[PDB]
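**Student:** Attaching a single structure in structure tokens format; questions to follow.
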Amino acid sequence: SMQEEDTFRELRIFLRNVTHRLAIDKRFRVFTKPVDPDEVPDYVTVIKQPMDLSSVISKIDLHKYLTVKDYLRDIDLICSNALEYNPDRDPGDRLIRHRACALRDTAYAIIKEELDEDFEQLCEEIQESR
Ligand SMILES: Cc1ccc(NC(=O)CN2C(=O)NC(C)(C)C2=O)cc1S(=O)(=O)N1CCCCCC1
């Protein structure tokens with residue numbers, strides 16, 4: 001229905017706004033673009049599902065997220081990919097992990113404050129009905 005189309009359009013507007021706020025935070029610059037293979041050739045071999053905030057924007061626009069839970073799975077993937085690829089004790093790796101954990105915690109904290117639980121529940125029920 002048009003009511004259901006209006007629900008998913010509101011979801012995409014909400015998700016673009018959250019993603020924009022993460023993408024403009026200087027701490028998260030490293031997560032804004034896919035890994036350049038000419039800089040990091042072994043990335044695509046080690047990380048089986050690359051994810052970055054530009055890819056999340058592309059996926060919103062392709063109507064790939066029908067719930068905030070599905071969006072948060074891709075934020076969680078950005079974080080787990082960073083922890084997996086940069087596991088060492090050296091400060092370079094520790095800084096990336098701290099930023100990855102901050103990106104995840106920030107996304108979760110925005111959604112906790114700004115997502116209506118009944119809006120998420122409606123999305124989940126339209127999703128389950130398809
Ligand atoms: C999880 C994750 C998502 C996206 C990126 N993207 C980049 O690193 C992009 N990029 C380049 O390819 N070159 C420069 C350094 C110019 C740049 O900004 C990276 C990650 S990551 O955290 O897994 N990670 C970044 C730390 C260093 C190793 C590469 C992968």
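In the structure tokens, chains take letters A, B, ... by order of appearance, with residues numbered from 1 within each chain and ligands from 1 in the order shown.
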List the neighbours of residue 16 (chain A) out to 9 Å using only C-alpha atoms; skip same-chain residues closer than 4 positions along the sequence, and give me the result as a ChimeraX atom specification.

**Tutor:** /A:11-12,20-21,56-57,60-61

**Student:** When the cut-off is 10 Å and you count only C-alpha atoms and all ligand atoms, which residues lie near ligand 1, shown as an MDAnalysis selection string?

**Tutor:** chainID A and resid 28:44 46:47 49:55 75:86 92:93 95:97 99:100

**Student:** Quick one: write out the picked residues with N, CA and C atoms as a short mmCIF file (atom, residue, chain, number, x, y, z; two decimals), in the first residue's frame?

**Tutor:**
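Writing done, so here's again-v4.cif:
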```cif
data_model
loop_
_atom_site.label_atom_id
_atom_site.label_comp_id
_atom_site.auth_asym_id
_atom_site.auth_seq_id
_atom_site.Cartn_x
_atom_site.Cartn_y
_atom_site.Cartn_z
N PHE A 28 35.50 9.00 12.35
CA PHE A 28 35.00 7.89 11.52
C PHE A 28 35.38 8.06 10.04
N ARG A 29 36.28 8.99 9.72
CA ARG A 29 36.66 9.26 8.31
C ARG A 29 37.09 7.96 7.61
N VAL A 30 37.84 7.12 8.32
CA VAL A 30 38.42 5.87 7.77
C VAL A 30 37.31 4.92 7.31
N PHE A 31 36.14 5.00 7.92
CA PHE A 31 34.99 4.12 7.57
C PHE A 31 34.09 4.72 6.50
N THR A 32 34.42 5.87 5.89
CA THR A 32 33.50 6.61 4.98
C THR A 32 33.58 6.09 3.54
N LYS A 33 34.68 5.44 3.19
CA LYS A 33 34.98 5.02 1.81
C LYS A 33 35.42 3.57 1.84
N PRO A 34 35.18 2.79 0.76
CA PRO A 34 35.68 1.43 0.68
C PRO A 34 37.22 1.45 0.69
N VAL A 35 37.83 0.34 1.08
CA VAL A 35 39.31 0.18 1.11
C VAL A 35 39.81 0.21 -0.34
N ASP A 36 40.77 1.09 -0.64
CA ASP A 36 41.40 1.20 -1.98
C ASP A 36 42.31 -0.01 -2.17
N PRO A 37 42.02 -0.92 -3.13
CA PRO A 37 42.81 -2.15 -3.28
C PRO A 37 44.29 -1.90 -3.62
N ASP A 38 44.59 -0.78 -4.27
CA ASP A 38 45.97 -0.36 -4.64
C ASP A 38 46.75 0.03 -3.38
N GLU A 39 46.06 0.43 -2.31
CA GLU A 39 46.66 0.73 -0.99
C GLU A 39 46.74 -0.56 -0.16
N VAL A 40 45.68 -1.37 -0.18
CA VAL A 40 45.54 -2.60 0.66
C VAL A 40 45.08 -3.75 -0.23
N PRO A 41 46.02 -4.54 -0.79
CA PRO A 41 45.66 -5.60 -1.74
C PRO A 41 45.06 -6.84 -1.06
N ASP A 42 45.47 -7.15 0.18
CA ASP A 42 45.01 -8.37 0.89
C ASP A 42 43.67 -8.12 1.61
N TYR A 43 43.10 -6.91 1.55
CA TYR A 43 41.84 -6.61 2.29
C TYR A 43 40.73 -7.55 1.80
N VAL A 44 40.44 -7.51 0.50
CA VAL A 44 39.29 -8.25 -0.13
C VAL A 44 39.48 -9.76 0.06
N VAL A 46 41.02 -11.12 2.95
CA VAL A 46 40.82 -11.36 4.41
C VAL A 46 39.37 -11.03 4.80
N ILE A 47 38.83 -9.93 4.30
CA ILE A 47 37.46 -9.47 4.68
C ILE A 47 36.48 -9.88 3.58
N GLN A 49 33.05 -9.73 3.49
CA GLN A 49 31.96 -8.78 3.16
C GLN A 49 32.38 -7.37 3.57
N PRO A 50 33.16 -6.67 2.72
CA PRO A 50 33.55 -5.29 2.98
C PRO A 50 32.29 -4.43 3.16
N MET A 51 32.36 -3.49 4.10
CA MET A 51 31.25 -2.55 4.34
C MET A 51 31.86 -1.22 4.81
N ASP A 52 31.29 -0.13 4.34
CA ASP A 52 31.70 1.25 4.71
C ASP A 52 30.46 2.14 4.62
N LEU A 53 30.57 3.35 5.16
CA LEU A 53 29.38 4.23 5.24
C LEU A 53 28.90 4.68 3.86
N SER A 54 29.76 4.78 2.84
CA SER A 54 29.29 5.14 1.48
C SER A 54 28.43 3.99 0.92
N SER A 55 28.81 2.75 1.21
CA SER A 55 28.06 1.56 0.74
C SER A 55 26.72 1.50 1.46
N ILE A 75 26.10 -1.75 10.29
CA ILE A 75 26.99 -0.95 11.18
C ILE A 75 27.87 -1.93 11.97
N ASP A 76 27.27 -3.00 12.49
CA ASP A 76 27.97 -4.05 13.26
C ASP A 76 29.07 -4.70 12.40
N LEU A 77 28.82 -4.89 11.10
CA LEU A 77 29.78 -5.47 10.12
C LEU A 77 30.97 -4.52 9.91
N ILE A 78 30.72 -3.22 9.77
CA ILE A 78 31.84 -2.22 9.69
C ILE A 78 32.73 -2.42 10.91
N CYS A 79 32.14 -2.46 12.10
CA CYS A 79 32.87 -2.64 13.38
C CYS A 79 33.62 -3.99 13.42
N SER A 80 32.94 -5.10 13.17
CA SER A 80 33.59 -6.43 13.28
C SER A 80 34.69 -6.57 12.22
N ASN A 81 34.51 -6.03 11.01
CA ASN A 81 35.55 -6.06 9.95
C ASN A 81 36.79 -5.30 10.44
N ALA A 82 36.61 -4.15 11.10
CA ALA A 82 37.75 -3.36 11.62
C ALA A 82 38.48 -4.14 12.73
N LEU A 83 37.74 -4.80 13.63
CA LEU A 83 38.35 -5.54 14.76
C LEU A 83 39.10 -6.75 14.20
N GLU A 84 38.52 -7.40 13.17
CA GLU A 84 39.12 -8.63 12.57
C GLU A 84 40.41 -8.26 11.84
N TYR A 85 40.39 -7.22 11.00
CA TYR A 85 41.52 -6.84 10.12
C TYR A 85 42.65 -6.17 10.92
N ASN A 86 42.34 -5.55 12.06
CA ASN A 86 43.34 -4.75 12.83
C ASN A 86 43.37 -5.25 14.27
N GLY A 92 48.43 1.92 16.08
CA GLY A 92 47.65 2.04 14.83
C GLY A 92 46.39 1.17 14.88
N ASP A 93 46.56 -0.10 15.24
CA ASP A 93 45.44 -1.08 15.32
C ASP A 93 44.52 -0.67 16.47
N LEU A 95 43.95 2.24 17.78
CA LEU A 95 43.18 3.48 17.42
C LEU A 95 42.02 3.10 16.51
N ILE A 96 42.25 2.27 15.50
CA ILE A 96 41.15 1.85 14.56
C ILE A 96 40.09 1.10 15.35
N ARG A 97 40.47 0.18 16.23
CA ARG A 97 39.47 -0.59 17.03
C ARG A 97 38.67 0.38 17.91
N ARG A 99 38.03 3.51 17.41
CA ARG A 99 37.11 4.28 16.51
C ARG A 99 35.95 3.39 16.05
N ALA A 100 36.23 2.13 15.74
CA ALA A 100 35.20 1.18 15.24
C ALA A 100 34.14 0.98 16.32
#
```

**Student:** Using the chain letters and numbers from this document, which residues of region 75-118 of chain A does DSSP assign to alpha helix (DSSP H), as a ChimeraX atom specification?

**Tutor:** /A:75-85,91-114,117-118

**Student:** Calculate how many Å separate CA of residue 45 (chain A) from CA of residue 98 (chain A), rounding to one decimal.

**Tutor:** 23.6 Å

**Student:** Rank A:25, A:88, A:5, A:70 by their smallest atom-to-atom distance to residue 120 (chain A), using only C-alpha atoms, and report the top residue only.

**Tutor:**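 Ranking A:25, A:88, A:5, A:70 by distance to residue 120 (chain A), first place goes to A:70.
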
**Student:** Excluding region 122-125 of chain A and any residue of its chain fewer than 6 positions from it, enumerate the residues within 9 Å of it, using only C-alpha atoms, and give them as a PyMOL selection string.

**Tutor:** chain A and resi 4+7-8+11+66-69

**Student:** Okay, now the selection with N, CA, C and O atoms, as an mmCIF file, in the first residue's frame?

**Tutor:**
```cif
data_model
loop_
_atom_site.group_PDB
_atom_site.id
_atom_site.type_symbol
_atom_site.label_atom_id
_atom_site.label_comp_id
_atom_site.auth_asym_id
_atom_site.auth_seq_id
_atom_site.Cartn_x
_atom_site.Cartn_y
_atom_site.Cartn_z
ATOM 1 N N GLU A 4 2.248 1.862 3.435
ATOM 2 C CA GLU A 4 3.456 1.029 3.672
ATOM 3 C C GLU A 4 4.642 1.655 2.934
ATOM 4 O O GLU A 4 5.733 1.694 3.523
ATOM 5 N N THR A 7 5.844 4.456 4.994
ATOM 6 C CA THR A 7 6.595 3.952 6.174
ATOM 7 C C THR A 7 8.057 3.726 5.768
ATOM 8 O O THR A 7 8.973 4.193 6.490
ATOM 9 N N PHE A 8 8.297 2.995 4.673
ATOM 10 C CA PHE A 8 9.675 2.685 4.247
ATOM 11 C C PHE A 8 10.367 3.978 3.811
ATOM 12 O O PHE A 8 11.572 4.064 4.019
ATOM 13 N N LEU A 11 11.583 5.538 6.957
ATOM 14 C CA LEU A 11 12.753 4.748 7.412
ATOM 15 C C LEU A 11 14.014 5.182 6.649
ATOM 16 O O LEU A 11 15.040 5.437 7.285
ATOM 17 N N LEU A 66 14.720 -2.630 5.214
ATOM 18 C CA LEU A 66 13.272 -2.523 5.531
ATOM 19 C C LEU A 66 13.086 -2.407 7.041
ATOM 20 O O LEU A 66 11.963 -2.170 7.454
ATOM 21 N N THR A 67 14.139 -2.550 7.840
ATOM 22 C CA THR A 67 14.063 -2.330 9.305
ATOM 23 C C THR A 67 15.346 -1.676 9.808
ATOM 24 O O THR A 67 16.383 -1.784 9.128
ATOM 25 N N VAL A 68 15.288 -1.041 10.968
ATOM 26 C CA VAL A 68 16.533 -0.478 11.572
ATOM 27 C C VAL A 68 17.436 -1.643 11.998
ATOM 28 O O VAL A 68 18.674 -1.510 11.912
ATOM 29 N N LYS A 69 16.877 -2.781 12.415
ATOM 30 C CA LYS A 69 17.691 -3.977 12.747
ATOM 31 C C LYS A 69 18.590 -4.364 11.559
ATOM 32 O O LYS A 69 19.791 -4.630 11.798
#
```

**Student:** What's the separation between CA of residue 62 (chain A) and CA of residue 1 (chain A), in Å to one decimal place?

**Tutor:**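 Separation of CA of residue 62 (chain A) and CA of residue 1 (chain A): 18.8 Å.
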
**Student:** Which residues are near residue 110 (chain A)? Cut-off 12 Å, only C-alpha atoms, ignore same chain within fewer than 3 positions. Put them as a list in words.

**Tutor:**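 After dropping sequence-adjacent residues, the list is residues 14, 15, 17, 18, 19, 20, 21, 22, 68, 72, 103, 104, 105, 106, 107, 113, 114, 115 and 116 of chain A.
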
**Student:** Hey, can you spit out that residue selection with N, CA and C atoms as an mmCIF file, in the first residue's frame?

**Tutor:**
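Result file result_38.cif:
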```
data_model
loop_
_atom_site.group_PDB
_atom_site.id
_atom_site.type_symbol
_atom_site.label_atom_id
_atom_site.label_comp_id
_atom_site.auth_asym_id
_atom_site.auth_seq_id
_atom_site.Cartn_x
_atom_site.Cartn_y
_atom_site.Cartn_z
ATOM 1 N N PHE A 14 15.228 8.640 7.844
ATOM 2 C CA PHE A 14 15.841 8.455 9.182
ATOM 3 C C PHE A 14 17.246 7.848 9.040
ATOM 4 N N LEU A 15 17.374 6.773 8.276
ATOM 5 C CA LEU A 15 18.687 6.087 8.136
ATOM 6 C C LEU A 15 19.715 6.967 7.419
ATOM 7 N N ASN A 17 19.881 10.204 7.599
ATOM 8 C CA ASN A 17 20.251 11.256 8.581
ATOM 9 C C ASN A 17 21.244 10.674 9.595
ATOM 10 N N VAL A 18 20.968 9.495 10.165
ATOM 11 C CA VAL A 18 21.920 8.838 11.105
ATOM 12 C C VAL A 18 23.281 8.637 10.405
ATOM 13 N N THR A 19 23.271 8.128 9.182
ATOM 14 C CA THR A 19 24.526 7.771 8.473
ATOM 15 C C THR A 19 25.340 9.046 8.190
ATOM 16 N N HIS A 20 24.682 10.119 7.750
ATOM 17 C CA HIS A 20 25.298 11.450 7.516
ATOM 18 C C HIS A 20 26.003 11.932 8.786
ATOM 19 N N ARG A 21 25.339 11.819 9.941
ATOM 20 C CA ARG A 21 25.934 12.296 11.209
ATOM 21 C C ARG A 21 27.169 11.466 11.570
ATOM 22 N N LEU A 22 27.173 10.164 11.285
ATOM 23 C CA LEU A 22 28.374 9.329 11.523
ATOM 24 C C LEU A 22 29.474 9.730 10.527
ATOM 25 N N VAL A 68 15.288 -1.041 10.968
ATOM 26 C CA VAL A 68 16.533 -0.478 11.572
ATOM 27 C C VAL A 68 17.436 -1.643 11.998
ATOM 28 N N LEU A 72 21.454 -1.868 11.318
ATOM 29 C CA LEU A 72 22.427 -2.036 12.421
ATOM 30 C C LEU A 72 23.300 -3.263 12.164
ATOM 31 N N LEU A 103 32.061 4.120 16.625
ATOM 32 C CA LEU A 103 31.091 4.231 15.508
ATOM 33 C C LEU A 103 29.853 3.404 15.860
ATOM 34 N N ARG A 104 30.073 2.160 16.280
ATOM 35 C CA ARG A 104 28.971 1.249 16.662
ATOM 36 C C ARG A 104 28.191 1.859 17.824
ATOM 37 N N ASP A 105 28.877 2.249 18.894
ATOM 38 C CA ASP A 105 28.213 2.790 20.109
ATOM 39 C C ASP A 105 27.448 4.078 19.784
ATOM 40 N N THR A 106 27.986 4.905 18.889
ATOM 41 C CA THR A 106 27.326 6.172 18.499
ATOM 42 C C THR A 106 26.046 5.865 17.726
ATOM 43 N N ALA A 107 26.091 4.947 16.773
ATOM 44 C CA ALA A 107 24.915 4.585 15.954
ATOM 45 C C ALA A 107 23.830 4.044 16.881
ATOM 46 N N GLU A 113 17.908 7.021 21.272
ATOM 47 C CA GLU A 113 17.313 8.347 21.591
ATOM 48 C C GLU A 113 16.242 8.770 20.571
ATOM 49 N N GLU A 114 16.347 8.370 19.307
ATOM 50 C CA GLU A 114 15.604 9.046 18.214
ATOM 51 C C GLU A 114 14.667 8.109 17.442
ATOM 52 N N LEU A 115 14.837 6.792 17.527
ATOM 53 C CA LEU A 115 13.914 5.824 16.879
ATOM 54 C C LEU A 115 12.743 5.533 17.816
ATOM 55 N N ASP A 116 11.529 5.734 17.333
ATOM 56 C CA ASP A 116 10.326 5.297 18.083
ATOM 57 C C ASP A 116 10.216 3.771 17.978
#
```
